[PDB]
Number of protein chains: 2
Amino acid sequence: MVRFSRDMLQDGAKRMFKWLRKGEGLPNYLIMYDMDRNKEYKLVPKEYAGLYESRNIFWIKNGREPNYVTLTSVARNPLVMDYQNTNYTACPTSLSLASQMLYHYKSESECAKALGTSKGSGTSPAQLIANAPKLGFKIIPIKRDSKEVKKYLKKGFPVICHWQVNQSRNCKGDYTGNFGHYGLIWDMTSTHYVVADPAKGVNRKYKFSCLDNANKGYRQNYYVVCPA
Amino acid sequence: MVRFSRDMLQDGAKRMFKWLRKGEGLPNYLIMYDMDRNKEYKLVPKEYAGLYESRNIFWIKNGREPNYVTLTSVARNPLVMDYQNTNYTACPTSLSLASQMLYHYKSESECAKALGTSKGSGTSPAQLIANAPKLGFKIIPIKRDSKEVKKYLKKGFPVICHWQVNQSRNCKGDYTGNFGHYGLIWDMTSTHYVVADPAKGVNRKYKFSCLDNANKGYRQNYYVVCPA
């Protein structure tokens, strides 16, 4: 089987990140050299997504990058579910999930320190926008409109969503409490956003109007994450 | 709104585990007392599943029990995706996933130590069956048959599956590699097992015949996990 060292994996992710910066979506392939033969491999998207998904499982579960990853699997994207480690870190966790999709992984802890997330007040959208550049990201506040979300998802940029869970109790019903919350829209059906919710699961399906309208009284934006 | 202490959560879990031992499914409610007013609540299944799901998120991400859990959400079950942290701990990770469903959580690491999981051999089905009692579980080997899986899921007992991923490459295709593997069947449709795969995701759907026939040359069982 074929294995790729940490050094090649880091360089490969930086190239993927630099490519995505063009706003033209993911590349058709990723060339990498294996650590045992120093032979060139042309990974198709299901292969590099599978490789980096495997890298990200180890990284998230162990708190440190793997020294190498063997190519064993395929995947649709490199995203690995990652739950918030506190009741106030939904926003840095959503940013860390976005960082996986952009091939520029920053841990939840790294993101929380950069954003200034706090036990007292969580994270505001203003903190997210102003501080994400410290980690290499630019945040584009967009309309809470499925067409705008689709426009940036089609570029490979995931979209942080912000909403009051009590305002989605009846059109979704995941939550019985009253608090503001964040997730990562990483996909869409014809009717629902697919939300990686750091307190529930990677696959929470929200009807476009349910999520769009669940932020009365608060900033009327979503937040696309892209390379800066 | 309402909060439950660590002691209360441990007590409620013991009682859920003892109830499940009857083989008659989940209880219609779970009695719990809040740590603030010490008031009695009859949490319906979606509520006690939501409570312990939130507890298990904290426990899985932080490596320790939360001191309390606020009832904020509802869920279908308490399962939280937990990925393997080595390339050889799929079996103890699947047993750990099962332990969440049985309300007797044991970490991947605890399961690995008890099963005798090793870097060279991983874990054999006999090791799983022989050593699970150390953690409070009994393993029932069943035929590789969707009717048997459904019989035990209906009792609230999840089912560890074992297969050679290369044998499922044409009928499912998550893997390109060659190795033996374990996951946890926690649900079924009319045609598919729903597999929590510690190397891929909580929701991997295998056509019955695809998983059933994917262990040619190896032991022809699945492994029900139940309270001992």
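Letters A, B, ... are given to chains in the order of the sequence lines, protein chains preceding strands, and every chain is numbered from 1. The figures that follow rest on heavy atoms only: side chains count, while hydrogens, waters and symmetry mates do not.
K46(A) does not touch chain B: none of its heavy atoms, backbone or side chain, sits under 4.5 Å away. Only the backbone of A199(B) comes within less than 4.5 Å of a heavy atom in chain A; its side chain stays farther off. Both the backbone and the side chain of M81(A) come within contact range of chain B, each with at least one heavy atom under 4.5 Å from a heavy atom of that chain. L71(B) touches chain A through backbone and side chain together, each having a heavy atom under 4.5 Å away. Heavy-atom distances place both the backbone and the side chain of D82(A) under 4.5 Å from chain B. If you measure heavy-atom distances from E47(A) to chain B, you find no contacts under 4.5 Å at all. For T72(B), the parts lying under 4.5 angstrom from a heavy atom of chain A are both the backbone and the side chain. Contact of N85(B) with chain A is made through backbone and side chain together, with heavy-atom distances under 4.5 Å. For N87(B), no part lies under 4.5 angstrom from a heavy atom of chain A.
Among the candidates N178(A), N62(A), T86(A), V202(A), the residue making the largest number of heavy-atom pairs closer than 4.5 Å to chain B is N62(A).
Within a 6.0 Å radius of CG in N38(B), more than 12 heavy atoms belonging to other residues, nucleotides or ligands are found. By the neighbour-count criterion of 12 heavy atoms within 6.0 Å, atom CZ of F17(B) is densely surrounded, having more than that number from other residues, nucleotides or ligands. The number of heavy atoms from other shown groups lying within 6.0 Å of NZ (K134(B)) is above 12. Around the CZ atom of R6(B), the shell of radius 6.0 Å holds no more than 12 heavy atoms that belong to other residues, nucleotides or ligands. Counting heavy-atom neighbours within 6.0 Å of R37(B) CZ, excluding the residue itself, gives a total of 12 or less. Around the CZ atom of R76(B), the shell of radius 6.0 Å holds no more than 12 heavy atoms that belong to other residues, nucleotides or ligands. Few gaps surround OH on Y41(A); more than 12 heavy atoms of other groups in view lie less than 6.0 Å from it.
Ionic pairing of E108(B) and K61(A) is present here: one or more N-O contacts between side-chain nitrogen and carboxylate oxygen are shorter than 4.0 angstrom.
Taking the side chain as every heavy atom from C-beta outward, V74(B) and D174(A) never approach each other to under 4.5 Å. Side-chain contact between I57(B) and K200(A) is absent, with no heavy-atom pair separated by less than 4.5 Å. Inter-residue side-chain proximity for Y83(B) and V80(A) is flagged as met; some heavy-atom pair is nearer than 4.5 Å.
To the nearest 0.5 Å, atom CZ of residue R169(A) and atom OG of residue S73(B) are 11.5 Å apart.
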